[PDB]
Every structure is written in C-alpha cells, then in structure tokens.
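Number of protein chains: 4
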Amino acid sequence: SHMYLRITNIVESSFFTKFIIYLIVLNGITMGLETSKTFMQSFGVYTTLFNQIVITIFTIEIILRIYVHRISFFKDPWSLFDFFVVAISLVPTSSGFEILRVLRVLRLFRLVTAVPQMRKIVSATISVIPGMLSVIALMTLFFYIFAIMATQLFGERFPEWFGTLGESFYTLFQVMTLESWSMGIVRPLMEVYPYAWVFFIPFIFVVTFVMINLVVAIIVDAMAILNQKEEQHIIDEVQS
Amino acid sequence: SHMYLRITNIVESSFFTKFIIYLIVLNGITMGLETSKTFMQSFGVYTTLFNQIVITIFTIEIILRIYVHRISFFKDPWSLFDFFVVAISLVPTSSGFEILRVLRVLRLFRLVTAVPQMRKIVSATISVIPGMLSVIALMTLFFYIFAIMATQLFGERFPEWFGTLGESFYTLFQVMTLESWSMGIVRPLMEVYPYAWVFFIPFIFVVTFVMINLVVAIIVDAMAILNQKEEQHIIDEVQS
Amino acid sequence: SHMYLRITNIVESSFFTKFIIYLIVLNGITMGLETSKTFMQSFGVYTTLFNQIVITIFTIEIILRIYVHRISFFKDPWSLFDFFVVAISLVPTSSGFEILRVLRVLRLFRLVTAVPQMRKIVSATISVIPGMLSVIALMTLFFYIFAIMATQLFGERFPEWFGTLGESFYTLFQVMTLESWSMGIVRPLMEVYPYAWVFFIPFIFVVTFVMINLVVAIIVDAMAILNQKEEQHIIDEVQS
Amino acid sequence: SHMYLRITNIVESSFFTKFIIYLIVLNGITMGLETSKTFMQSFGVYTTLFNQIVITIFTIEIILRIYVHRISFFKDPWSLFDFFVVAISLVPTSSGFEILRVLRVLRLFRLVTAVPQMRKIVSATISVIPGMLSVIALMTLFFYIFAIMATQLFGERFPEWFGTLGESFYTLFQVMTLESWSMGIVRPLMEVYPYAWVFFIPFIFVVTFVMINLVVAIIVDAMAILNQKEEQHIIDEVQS
Ligand SMILES: CCCCCCCCCCCCCC(=O)OC[C@H](COP(=O)(O)OCC[N+](C)(C)C)OC(=O)CCCCCCCCCCCCC
Ligand SMILES: CCCCCCCCCCCCCC(=O)OC[C@H](COP(=O)(O)OCC[N+](C)(C)C)OC(=O)CCCCCCCCCCCCC
Ligand SMILES: CCCCCCCCCCCCCC(=O)OC[C@H](COP(=O)(O)OCC[N+](C)(C)C)OC(=O)CCCCCCCCCCCCC
Ligand SMILES: CCCCCCCCCCCCCC(=O)OC[C@H](COP(=O)(O)OCC[N+](C)(C)C)OC(=O)CCCCCCCCCCCCC
Ligand SMILES: CCCCCCCCCCCCCC(=O)OC[C@H](COP(=O)(O)OCC[N+](C)(C)C)OC(=O)CCCCCCCCCCCCC
Ligand SMILES: CCCCCCCCCCCCCC(=O)OC[C@H](COP(=O)(O)OCC[N+](C)(C)C)OC(=O)CCCCCCCCCCCCC
Ligand SMILES: CCCCCCCCCCCCCC(=O)OC[C@H](COP(=O)(O)OCC[N+](C)(C)C)OC(=O)CCCCCCCCCCCCC
Ligand SMILES: CCCCCCCCCCCCCC(=O)OC[C@H](COP(=O)(O)OCC[N+](C)(C)C)OC(=O)CCCCCCCCCCCCC
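Chains as they are written, first to last, in my numbering: chain A, 6 to 245; chain B, 6 to 245; chain C, 6 to 245; chain D, 6 to 245.
This is the structure in structure tokens:
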C-alpha cells in the first residue's frame, strides 16, 4: 500500500533502530542516576519527565512496529518481550504498588533485543535448554520428593529451614549450591537428629553427579555431531 | 496359556501403565498436600484413605507384573525398585517407627521408572559410574587414611569435628566441598595447632586435583572412542 | 649506524636479559624480606639502597631498550608494561601517598615479561578474552539492571548491602560467587521481604547458566575448528 | 646365581604380593580400630603387637625387594615410596615426637602401590602435572606478589589475616577457594579500607580465569592430538 509503505520504510530504517538504542542507553544512564537521592533532590524532575518521554516514544515505536509487522510481530519473541516490557512501564505509578515501579527498569533489556550481537548470545545460551527439559523435570521431581521428606523429618524442630514444603525447597536449593550446607544446616540438625547426614550427603551426591553429567553430556554429545558431519563430508570425497 | 495370557494383555497394555502413572501423579499431589496441617485438619481422612487405596492398587499391580514377567521381573532393576518401594509402603504405620512413614514418599519415584524418558536419563547418569569404581575406591581409601590421621592429631582438643573416625570423615567431606573449610575449621584449629594448614591444604589439593582429572578423563576418553569409530568408518570407505 | 649498533648489541644480548632477570629475582627476594620488621630493623638500610639501585638499573635498561627499539617499543605491550611498572616505581616515596609505595612491587611482574615460557601462558590465557567481549558486555548490563532493581527494592532497609548502586553491584558479585548468598544475604532479606528469593534465585540461575555456557561454547567451538582443519587436510589427500 | 635366584622367585611370586596386601588391609582395619579408646582399653595390646609384627614383616619384605631388584629399586618411585613409608614407621615411638606416630598411618598407602589398578589412576592423575609446571610457577609468583602487597596494605590493622607474608598467602588461598571471601574477609576490610574490593576482586578474576583456562587447555589440547593421530592414520590409507 502507500500509507502502509510510508511507515514501513521508517520503522525498517537504520536511523529508527539507532534512535531507539540511543534512547535506551540514555534512559539507562538516567535510571542509574535516579538511584542517588542527592541527584533526585537536585535534578529529580528532569529525569522523571525524560522517563515518560521515553515511555511514550517507546509506546509509539511499539505501535508502528505492530502496524508494519502485523501478526508476524506477535510470533516474534523479541517483539513480544519489548511489548510486555513497555506495557509494564505503562500501568500508573501512583495507583499501583511499588513492585511495578521497579519492573520499569526491565526496559533496559531492550538494549539486548535491539543489538543483534546481543540476541545471538541469548539465543546460543537459551538454545541448550530444550534438550535439558526432561533433566530439569527429573531434578524438580527429585527436589519435590526430598522436600516432602525433609519437611516431615525436620520441620517440627526446625521450622525456619523446613517447616513448610516451600521452605524445605529453599533450603535444599541452598544445600545444592553447598552454601553453608554443613556448618549452617546439617551440623545444627545433627544436634537433634544424629543421622541427618544420611539424608543430605546422598542428596549432595545425586544433585552434584547429575549436574556434572549434564555438562559432560552436552560437551560430548556435541562433538559426536561434529564428527558425524565431518565423517560424511570425508566419506563423500572418498565416494567420488 | 489362556489364564496367563488374559492377565498379560492387561499388564502390557498402555491403559495399565497410564493408569498407574495417573495414580502416581495423584498420590504425588496428595503427599505434598498432606504437608499442610491446615489441610490435614480439614481433609486429612480423605488422603489417608486415598493412600492405602493407592498402596493396594500398587500392590496388586506389582503382583500381576510378577505373574506376567516371571523370573525376568527379579532380574530387572526397575521392577526390583518398584517392588521394594511398594514393600516399604506396606509395613504398618502404627507398629513401626517414624522413619518408615517417611520412606513411603519414595513411591513417588515410580514416576521415574514408569516414564521411559526418565529412565534413560537415570541410565545415562548411572552409566558412567562403573568405570569410576576404582577411583571411588582410591578416594575412599584416601579419606580413610586422612580420617585416621585427623582423629589422632585433632580429636582430643576438637571432639565435635574430629573426636571419632566417623566425625573426621564428615569434616573431611565438608572440607572437600570447601564449605567453611577455613574460617570454620582450619583457622580455629590453627589457634592450637599452627601447622594444621600443612594437613588440610594438601588434602584440598589432592581431592580437588583428582575430581577434576576425573571429569577431564571422562570427556577426553569419550572423544577418543568417537574418533575410533569415525576413523574406521572413514578407513573402510578408503579401503573400497 | 655505529653508535646505535654498539648499544643494540648489548640490549639484544643474552647476558643483558639474564642480568635483568637476576636482578628481578634478587629484588623479589628483597621485597619478601622487607616484609619482616625484625629484618628491617637489622638490615633495612641495605635493601632500601638495593632498591633504587635496581630502580635506576631498570630505568637505564628501559631507556636503552627504547633507543634500540624505537617506535616498535611503544607498540609492544610487554615493553609498555615494563615501562609503566618502572615509571610507577619512580614517583617519590615521601611526597607521594602510600598506595604508590605498594605498587612498586609490580616490578616483580617483569619476571613474567622477561621469561618467554611465562609470556606464552599469559598470552594463551588472555587470547580467549576478545571473543568473550560481547558476553562480558551482556553480563555487565545484566548486573547493572539488577543492581538498580536491588538498590530500589532493598537499599532502604539494607543500606550496607544495597544502599547504593555500587554496593548492590558488590553484593550481586558476592551472590554470583555464591559466597554466603543464602545464610548471609537472602535469608536476612526474607525476614522483611519474604519474596526476595524470587529476585536472587533467578539471578543465580542466569549468571550460572551463562558462565557455564561460556565454558562449553569455548571448548566445543574450538574442536569444531580442529575438525575443520582435519577435514580439509584429509579431503585434500582424497583429492590427489 | 643360585642363592640370589632362590629369593627372587619368592619376591616375584603372586603369593608374596598377595600376602603383603592382606597384611595391609589387616593393618588398615587395625589402625581404624586403634581409634577407639574403648577398643584400646580392651584389646590395645594385641594391635600394638600386631603393629610391629607388620612393621618388621614389611621391613624384611623391603630388604628382599632391594636384594632382588638392585639399583632398579632406587629408581622406582613406587619402591622408593614404600621404602620411606616403612622407614618412617621405624623411628622409635617413645623417643620421638607425636607427629611421627601419626605418619605411621601412611603405610596404608602401600595398598595403592601394591594394587596395580590403583597405580594406574595415580599415574594418570599425576601425568598431567609436568605440563602445568610453568602455570604453577606463574600462579605462585602471582600469589607471592599479591601476598607482599596485602601484607603491606592490610597487615597492620588486620594481623591475623595479613600480618605476615605467610598469613597473607593463607588468606589469599582462602579467597581463591572463595571460602567466606566477602562476608569473612573483604567486607570487614572495607570498614577500614573502602577500596579493598579493588584488590581482591581482580585477584578473584585472575585466579579464576587462569584455573579455568588450564582445564579448557588440557581438554582441548588433548583432542588436537587425538585428531593428529586420526588424521595421519586416515591420510595413510588414502596414500595406499
Ligand atoms: C540441573 C538443572 C536444574 C537445576 C534446578 C532443578 C529444579 C529445582 C529448583 C528449585 C529452586 C528453589 C525454589 C525455591 O526457592 O523454593 C521457594 C518456593 C516458594 O515457597 P515459599 O514458602 O514462598 O518460599 C520460602 C518463603 N520464606 C522462606 C520466606 C518463608 O518454593 C516453591 O514452592 C517453588 C517450587 C517450584 C520451583 C520450580 C523450579 C523449576 C525449575 C526452574 C527452571 C529452570 C530452567 C533453566
Ligand atoms: C509425583 C509427582 C507429583 C507432582 C506434583 C506437583 C505439584 C504439587 C502440588 C502440591 C503442592 C502442595 C503445597 C502445600 O501443601 O503447601 C504448603 C504450604 C502452605 O502451608 P499451610 O499450613 O496450608 O499454610 C497455612 C497458612 N495460613 C495459616 C495463613 C492459612 O505452602 C507452601 O509451602 C508453598 C507451596 C509449595 C509448592 C511447590 C511445588 C513443587 C512442584 C514440583 C513439580 C514436579 C514436576 C515433575
Ligand atoms: C571423586 C568421586 C568420589 C567422591 C567421594 C569419595 C568417597 C568419600 C565419601 C565420604 C562421605 C562422608 C561420609 C560421612 O558422612 O561420614 C559419616 C559416617 C558416619 O559416622 P558417624 O559418627 O555416625 O557420623 C557423624 C555423626 N555425628 C557427627 C552426629 C556424631 O562415617 C562413616 O563411617 C562412613 C564411612 C564410609 C563412607 C563410604 C562412602 C563411599 C562412597 C559413596 C559412593 C559413591 C558413588 C558415586
Ligand atoms: C588399608 C585399607 C583398609 C580398609 C579397611 C576398611 C574398613 C575399616 C574398618 C575399621 C572401622 C573402625 C571403626 C571404629 O573404630 O569406630 C570408632 C567409632 C566408635 O568409637 P567408640 O569409642 O568405640 O564408641 C564408644 C561408644 N559407647 C561409649 C556408647 C560404647 O565409630 C565410628 O566413628 C564410626 C565408624 C566409622 C567407619 C568408617 C568406615 C570407612 C571404610 C573405608 C573403606 C576403604 C576402602 C578401600
Ligand atoms: C561471565 C564473565 C563475566 C563475569 C563478570 C561480569 C561483569 C560484572 C562484574 C562486577 C564486579 C563487581 C564490581 C564491584 O565490586 O562493585 C563495586 C564498585 C564500586 O562501588 P563502591 O560503592 O565504591 O563499592 C562499594 C564500596 N563500599 C562497599 C565500601 C561502600 O561498583 C562499581 O561502580 C563498578 C561497576 C563496574 C564494574 C565493571 C566490570 C566489568 C567487567 C570486568 C572485566 C572482565 C574481563 C575478564
Ligand atoms: C541500558 C544501558 C545503559 C548503560 C549505562 C552505563 C553507565 C551508567 C552511568 C550511571 C551511573 C550512576 C551512578 C550513581 O548514581 O552513583 C550513585 C552513588 C553515589 O550516590 P550519592 O547519593 O550521590 O552519594 C552522595 C555522597 N555525598 C553525600 C558524600 C555527597 O555512587 C555509586 O554507587 C558508584 C557508582 C556506580 C557506577 C556503576 C557503573 C556500571 C557500568 C555498567 C556498564 C554497562 C555496559 C553495557
Ligand atoms: C592453578 C594451579 C595452581 C594453584 C595453586 C598455586 C600456588 C599457590 C598455592 C598457595 C597455597 C597456600 C600456602 C599457605 O598455606 O601459606 C601458608 C604458608 C606458611 O606460612 P605460616 O605463617 O607458617 O602459615 C600461617 C600460620 N598461622 C596462620 C598459623 C600464623 O606460607 C608459605 O610460606 C608457603 C608459600 C609457598 C607455597 C608453595 C606452593 C606451591 C604450589 C604447590 C604445588 C602444586 C602442585 C599441584
Ligand atoms: C620475583 C620472584 C622472586 C622469587 C622469590 C621467592 C623466594 C622468596 C624468599 C623471601 C621470603 C621472605 C620471608 C619473610 O620475610 O618471612 C616473614 C615471616 C617472619 O616474620 P618475622 O617478623 O621475621 O618473624 C619474627 C619472629 N620472632 C619474633 C619469633 C623472631 O615468615 C613468614 O611469614 C613465612 C615465610 C613465607 C615464605 C613464602 C615463600 C613463597 C615462595 C614463592 C615462590 C615464587 C616462585 C616463582
């Protein structure tokens, strides 16, 4: 169309994306400065104004991008993100609760969706997850079973660490990271339950063994593929 | 046979295994809910009844599976597991001791033996163990020798950490994870035994060096095999 | 030239570099001895004299090397280093501030730039950095966004850990290393902000997931290259 | 010879080595039992007698092995070990100091030198060290320089952690393991030296970066070799 293609050339323009990026880095520096009560005392009204300025400009940009991109926009996770991040930034400050005033900062993550060198890393990193889903499932089932057992064995005398299923989940994650697992948790438990080490040490083994096996399997299964491609390429040349 | 083959078609049926799985996930949600004293106050008799219901249904299922599978059942580790897990769930609640009431929760692990996507992970993970057996042996002998030495050097002034061979084992495992090894253990020791760092730092080196070498050897010995298969496949095509 | 080539033969001589190295190891032993107040009480004037002796000899050496090497000297990072390290050692002790008296010790790092077996390690190690620059950028942006969020959510009640953007950076690095992350930080926070675990646990996941992915990608992308070289070498022989 | 070859057939016999191993496992169980004051009260004279029994039998065995093996014995590290371990076990209990009574336990390590499945692991593990020697050198030089700097910056106000070069070495190793590095060390320092984080965080980076690079280089340099062998094997078949 003609009215359509006018917009589409702006949105798709390098000036557009850059101008957005410069806003982001500008609002980024602003949100770090808003951290200083000294600064907010002096210049606090400027950056509050600079904020919705950026908010609306981002709202407009989001709208245009939807007009240009159509349904392809709501099937693009980076666009979907930019949508919700700017959406969050839109519910009213006063009428809301404080937690939404803080989530405003997530708009700074647009610097990731904008800069393509950044998307690729996030994609690389996230790419390995879908193969781990069954492992994540198993690990969670594991935590679950042990959290139920812990809550029953230790919650009555140790409510802070194990009084509820949720609390026991948390402590077991703590033990998985090994943070103060022994001086902070098991040694105290053992003053009342001498055999507690029979619970947590195997827990520490399974959790540790599994995670390591995950990394070895990721590394070693990848090179098997590299060898598969290499093998066939070399086999082809032999074959002609 | 005819009486035999009637059963065998049910046990081997997809409806069967699914129905078991649905029970498991149902008893799983029940065992998490039984964690709440609020819930047990209100609905506590329902889930206690739902429990032996599931217990007997699992008992029956275990029996049928033995009739169908014969001696092949007691040579299958997944079946052997499901056996003992359901067995444990069968000794009486009142007459027993509390620890068996908790082991009941292990039946939730049937969701692993049932779901084949899960078995494969556990098999993958456990597969690497038999090659490590001599390394596990060496590490244990190592802990053993050092536990005897620690108990003798430090148990008299530090009975909580080193009074007995069992306690010294435990502290040495703690030091292996590095959890509070220095502020919590060696620094206190050194107020009385200034040279204690000569004991634990080499301990921290050997233990650490060995474990890392275990992971490198696992990764690197695997790709040697991948290269062996690849080499011969490629060598064959060259050979014809 | 003739005056030039006289010097150039000394600087480039094996005796030269060795003599410098022997000074370095000598000043190294001296700087460790200067650590003892007993020793400084007895022999403190000797090593203070031995110090500027070495300082000037290193100054002279640096000058000669610049005469010999010309502009190639200021394009060589090892020389540039040796320059600034000896430069630092030159500002006056009395008139300065204590921190420059300590930076004097960095001259001991010349033993690295001197010994070529050492340079190669540092080069190997530093070689992998330029590919990580965008990952370092992303991680820093990440810390930044979360530091702003933390300062806002937790600084008012927890000023030591989160009162300022700088402090929150520091605590988040602490949490990244996992050092006392739960007993020391999140558990205290949760007495006032029960949902704080929703902040730090995802933080602990992203940070951990990313770093691991960095190591796997480094290992696995390298062997892809090794396979590329190997593939073509083998493909060539097939091709003739 | 004839007197020689009589002995040589015993020493080299499978019965010999086994009999030694059975002693070792027997003295091993004895040294764990000697740990119990209950047991030493009851059966303490038996195991003290069983001890020099084993000591002399091991002395004799060591002698025979030297007669049989000649100078080849003192060029064999496993034999050299068994020598010194049994030697240590020989200096007198009463006249000595307690530390030699404890080193007696090292004889249990003969179970490693005896069992060949064990030697191979220790050899594998130790095999990777000689390539790391220059890296170990660099890391130690690094600790050294930073230990001198720490002692000067922080020893006067923090003598326990940094009063001497030896103490600062120890704390820096603690920081390398990250054990309580921040709550236990840097945070206290920063109450007096706000910029202390500029010292330890880069320290934590270098130390961490180097060690990781060591593991990646070990893994990745090994597969380069595997590819080299594979490449030439495959290239040969192409060549005929
Ligand atoms: C090897 C790779 C995988 C490694 C991880 C395996 C999965 C296990 C992760 C567990 C994480 C810890 C969860 C946690 O913090 O538990 C707390 C929550 C909420 O209970 P709540 O009582 O509100 O929290 C404690 C509140 N308190 C202390 C102030 C009274 O307790 C709950 O009710 C939450 C339980 C569900 C958590 C689901 C996590 C799924 C995995 C996350 C996705 C991973 C993708 C990479
Ligand atoms: C065998 C496989 C089965 C899979 C089942 C997965 C789903 C499990 C659902 C059951 C959740 C049970 C939660 C529960 O009992 O909550 C306990 C507490 C509340 O305790 P309560 O005493 O009710 O608090 C009273 C509070 N008052 C006085 C103010 C009224 O609240 C909490 O502690 C927080 C709730 C924690 C939920 C953790 C969810 C873990 C998901 C695991 C997923 C496994 C995937 C394979
Ligand atoms: C690099 C890979 C391998 C890494 C691990 C190497 C093997 C060493 C693991 C040692 C684990 C720690 C053992 C432990 O907790 O020791 C405590 C037990 C029981 O003594 P007890 O006095 O009852 O416990 C202390 C009681 N207290 C403090 C309340 C007075 O002390 C004992 O008497 C138990 C001693 C035998 C433990 C056997 C462990 C064998 C390895 C486990 C299988 C690994 C398969 C992956
Ligand atoms: C050179 C290779 C030799 C291999 C030998 C392996 C087997 C070792 C068996 C010897 C175990 C000795 C155990 C021992 O002495 O127990 C000490 C304490 C009990 O102290 P005690 O003073 O008797 O307690 C009195 C209690 N009272 C007052 C109520 C009567 O009880 C404890 O502290 C718990 C017992 C700890 C046992 C740890 C087992 C480690 C196995 C290492 C396997 C190495 C494989 C290569
Ligand atoms: C996976 C690989 C990458 C892993 C690391 C990712 C990057 C994040 C590293 C963050 C390091 C922690 C920074 C830190 O210590 O923050 C403190 C500083 C100074 O603020 P200040 O308020 O002076 O410090 C606290 C003072 N106090 C507590 C006594 C009141 O706060 C600041 O203002 C400093 C903020 C900028 C730090 C820039 C770091 C860039 C990365 C370093 C280069 C890496 C090359 C390998
Ligand atoms: C979306 C991407 C945007 C990228 C922007 C990167 C640059 C950010 C610049 C903004 C820095 C804001 C610093 C700031 O607000 O400082 C707060 C505090 C000072 O608080 P204040 O209350 O002013 O202290 C008063 C002291 N008195 C009473 C003696 C006068 O001072 C501190 O806490 C120390 C300053 C911390 C600086 C941390 C720098 C992080 C760099 C991140 C780089 C990201 C790269 C992609
Ligand atoms: C990435 C791979 C390599 C990783 C390690 C790199 C090398 C650095 C390791 C440093 C280990 C820590 C040394 C240590 O504990 O320092 C203490 C000693 C003795 O000083 P002292 O004042 O007696 O000890 C403190 C006594 N106090 C607290 C009770 C008053 O201080 C000293 O004077 C000892 C200084 C020399 C230690 C030499 C260590 C060389 C490396 C070990 C061999 C590695 C082979 C795998
Ligand atoms: C640039 C490369 C140069 C390489 C040089 C390597 C060798 C260094 C030798 C210098 C060692 C200096 C040791 C030193 O000053 O000791 C300080 C303290 C003793 O303090 P002090 O105040 O004398 O104690 C008086 C005690 N009283 C009252 C009872 C008489 O004693 C201690 O704190 C313990 C001694 C610590 C020694 C640490 C050795 C590290 C070796 C690093 C190897 C690097 C290899 C590349």
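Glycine included, each C-beta is placed from N, C-alpha and C at the ideal position.
Comparing C-alpha positions only, which one of A:124, A:215, A:17 and A:58 sits nearest to residue 134 of chain B?
For this step, residue 134 of chain B is matched to residue 129 along the second sequence. Ranking the options by Cα distance to residue 134 of chain B, first place goes to A:215.
Inter-residue CB distance, residue 127 of chain A and residue 153 of chain C (contact presumed, cutoff 8 Å):
In the first sequence, counting from the first residue as 1, residue 127 of chain A sits at position 122. In the third sequence, counting from the first residue as 1, residue 153 of chain C sits at position 148. Actually they are not in contact, since the Cβ atoms of residue 127 of chain A and residue 153 of chain C sit about 20 Å apart, beyond 8 Å.
Reduced DSSP category for residue 111 of chain D - H, G, I as helix; E, B as strand; rest coil
Translated into the one-based positions of the fourth sequence, residue 111 of chain D becomes position 106. In the structure shown, residue 111 of chain D sits in a helix (DSSP, three-state: H, G or I).
Short of 7 Å Cβ to Cβ, which residues in the segment 173 to 190 of chain A face chain E?
Looking for chain E here will not work: the only protein chains present are A, B, C and D.
Are the Cβ atoms of residue 55 of chain A and residue 35 of chain A separated by less than 8 Å?
What you label residue 55 of chain A is simply residue 50 of the first sequence in a count that begins at 1. What you label residue 35 of chain A is simply residue 30 of the first sequence in a count that begins at 1. Against a cut-off of 8 Å, the Cβ pair of residue 35 of chain A and residue 55 of chain A comes out as a contact.
In chain order, what residues of the same chain have a beta carbon less than 6 Å from the beta carbon of residue 209 of chain A, not counting five sequence neighbours either side?
By 1-based counting over the first sequence, the position of residue 209 of chain A is 204. Cβ neighbours of residue 209 of chain A beyond the five flanking positions: none.
Closer than 7 Å: residue 149 of chain B CB and nearest ligand 4 heavy atom:
By 1-based counting over the second sequence, the position of residue 149 of chain B is 144. Residue 149 of chain B: yes, Cβ under 7 Å from ligand 4.
Using CA coordinates, which residue listed in A:98, A:139, A:145 and A:114 is at the minimum distance from residue 53 of chain A?
Here residue 53 of chain A is taken as the residue at index 48 of the first sequence, counted from 1. Cα-wise, what sits closest to residue 53 of chain A is A:98.
Take the Cβ of residue 92 of chain C as the centre, count every other Cβ of all protein chains shown within 10 Å, and call the residue buried at 16 or more, exposed below.
Locating residue 92 of chain C in the third sequence gives position 87, where the first residue counts as 1. Classification of residue 92 of chain C: exposed, given that the 10 Å Cβ count is below 16.
Close beta carbons around residue 88 of chain D, own chain, < 7 Å, minus the five adjacent residues each side
Position 83 of the fourth sequence, counted from the start, is the residue given in the question as residue 88 of chain D. Within the same chain, residue 88 of chain D has close Cβ partners 67.
Give me the Cα-Cα distance between residue 159 of chain C and residue 113 of chain A, rounded to the nearest whole angstrom.
Numbered from its first residue, the third sequence carries residue 159 of chain C at position 154. Numbered from its first residue, the first sequence carries residue 113 of chain A at position 108. Taking the straight line from one Cα to the other gives about 20 Å.
Could you name each continuous alpha helix (DSSP H) segment of 4 residues or more that falls completely within the segment 107 to 178 of chain C, going from the start of the chain to the end?
115 to 119, 121 to 132, 134 to 159 and 164 to 167
Closer than 8 Å between beta carbons: that is the criterion. Which residues of the segment 39 to 66 of chain B meet it against chain D?
none
Among C:120, C:61, C:6 and C:187, which one has its Cα closest to the Cα of residue 178 of chain A?
Locating residue 178 of chain A in the first sequence gives position 173, where the first residue counts as 1. Minimum Cα distance to residue 178 of chain A is reached at C:187.
Is it the case that the segment 232 to 240 of chain B contacts the segment 28 to 44 of chain C, given that we only count it when at least three CB pairs across the two stretches are under 8 Å?
no
Is the Cβ of residue 163 of chain A closer than 8 Å to any Cβ of chain C?
To locate residue 163 of chain A, count along the first sequence from 1; it is residue 158. Not an interface residue.
Distance CB(residue 170 of chain C)-CB(residue 156 of chain C) smaller than 8 Å
As a working mapping, residue 170 of chain C is identified with position 165 in the third sequence. As a working mapping, residue 156 of chain C is identified with position 151 in the third sequence. Contact: yes.
Taking the CB atoms as reference points, tell me whether residue 224 of chain B and residue 150 of chain A lie closer together than 8 Å.
Taking the second sequence and counting its residues from 1, one reaches residue 224 of chain B at position 219. Taking the first sequence and counting its residues from 1, one reaches residue 150 of chain A at position 145. Not in contact: residue 224 of chain B and residue 150 of chain A (Cβ atoms no closer than 8 Å).
Examine ligand 6 and report whether any of its heavy atoms sits within less than 7 Å of the Cβ of residue 110 of chain A.
Reading the first sequence from its first residue, position 105 is the one you call residue 110 of chain A. Checking the Cβ of residue 110 of chain A against ligand 6 gives no.
Taking 8 Å as the threshold (C-beta atoms), are residue 30 of chain D and residue 69 of chain D in contact?
For the purposes of this step, residue 69 of chain D is taken as the residue at position 64 of the fourth sequence. For the purposes of this step, residue 30 of chain D is taken as the residue at position 25 of the fourth sequence. The answer is no: Cβ separation not under 8 Å.
Given this structure, state the Cα-to-Cα distance separating residue 219 of chain A from residue 65 of chain C, to the nearest angstrom.
Along the first sequence, one-based indexing puts residue 219 of chain A at 214. Along the third sequence, one-based indexing puts residue 65 of chain C at 60. Residue 219 of chain A and residue 65 of chain C: Cα-Cα distance of roughly 57 Å.
With 8 Å set as the bound, which would you pick, yes or no: does the beta-carbon of residue 156 of chain C sit closer than that to a beta-carbon of chain D?
Locating residue 156 of chain C in the third sequence gives position 151, where the first residue counts as 1. Closer than 8 Å: no.
Would residue 123 of chain C and residue 139 of chain D be called neighbours here (beta carbons separated by less than 8 Å)?
Here residue 123 of chain C corresponds to residue number 118 of the third sequence, with the count starting at 1. Here residue 139 of chain D corresponds to residue number 134 of the fourth sequence, with the count starting at 1. In contact: residue 123 of chain C and residue 139 of chain D (Cβ atoms closer than 8 Å).
Boundaries (first-last residue) of the alpha helix (DSSP H) holding residue 75 of chain C:
Stepping through the third sequence from its first residue, residue 75 of chain C is reached at position 70. Element bounds for residue 75 of chain C: n/a, residue is neither H nor E.
Taking only three categories from DSSP, how would you classify residue 243 of chain A?
Here residue 243 of chain A refers to the residue found at position 238 when the first sequence is read from its first residue. Three-state result, residue 243 of chain A: helix.
Leaving out the 5 sequence neighbours to the left and right, which residues in its chain are closer than 6 Å to residue 166 of chain D when beta-carbon positions are compared?
By 1-based counting over the fourth sequence, the position of residue 166 of chain D is 161. 176.
Would you please verify whether the beta carbon of residue 36 of chain A is less than 8 Å from any beta carbon of chain C?
Residue mapping note: residue 36 of chain A aligns to position 31 of the first sequence, counting from 1. Cβ-Cβ to chain C under 8 Å: yes for residue 36 of chain A.
With a threshold of 7 Å, establish whether the CB of residue 42 of chain D neighbours any heavy atom of ligand 4.
For the purposes of this step, residue 42 of chain D is taken as the residue at position 37 of the fourth sequence. Checking every heavy atom of ligand 4 against the Cβ of residue 42 of chain D, one is found closer than 7 Å.
With 8 Å as the C-beta to C-beta threshold (strictly closer), list the residues of the segment 18 to 31 of chain A near chain B in chain order.
none
Short-range partners of chain C found in the segment 123 to 154 of chain D, where Cβ spacing is below 9 Å:
139, 140, 142, 143, 146, 147, 149, 150, 151, 152, 153 and 154
Residue 196 of chain C at chain D interface by Cβ criterion, 8 Å:
Your numbering for residue 196 of chain C matches position 191 in the third sequence. No, because no Cβ of chain D sits closer than 8 Å to the Cβ of residue 196 of chain C.
Under a three-way DSSP split, which group does residue 81 of chain D fall into?
Counting from 1 along the fourth sequence, the entry for residue 81 of chain D is found at position 76. In the structure shown, residue 81 of chain D sits in coil (DSSP, three-state: anything other than H, G, I, E or B).
Any beta carbon of chain C sitting closer than 8 Å to that of residue 203 of chain A?
For the purposes of this step, residue 203 of chain A is identified with residue 198 of the first sequence, where counting begins at 1. No, residue 203 of chain A does not count as interfacial toward chain C.
Beta-carbon within less than 6 Å of residue 181 of chain B's beta-carbon, same chain only, minus the 5 sequence neighbours each way: which residues are those?
Within the second sequence, residue 181 of chain B is the residue found at index 176, counting from 1. Taken in chain order, the residues that qualify are 212.
Length of the line joining the Cα atoms of residue 248 of chain C and residue 121 of chain D:
Lying outside 6 to 245, the shown extent of chain C, residue 248 of chain C is not represented and no answer is given.
Please name the residue, chosen from C:118, C:108 and C:105, that lies closest to residue 82 of chain C on a Cα-to-Cα basis.
Along the third sequence, read from residue 1 onward, the residue named residue 82 of chain C stands at position 77. Closest option to residue 82 of chain C, Cα to Cα, is C:118.
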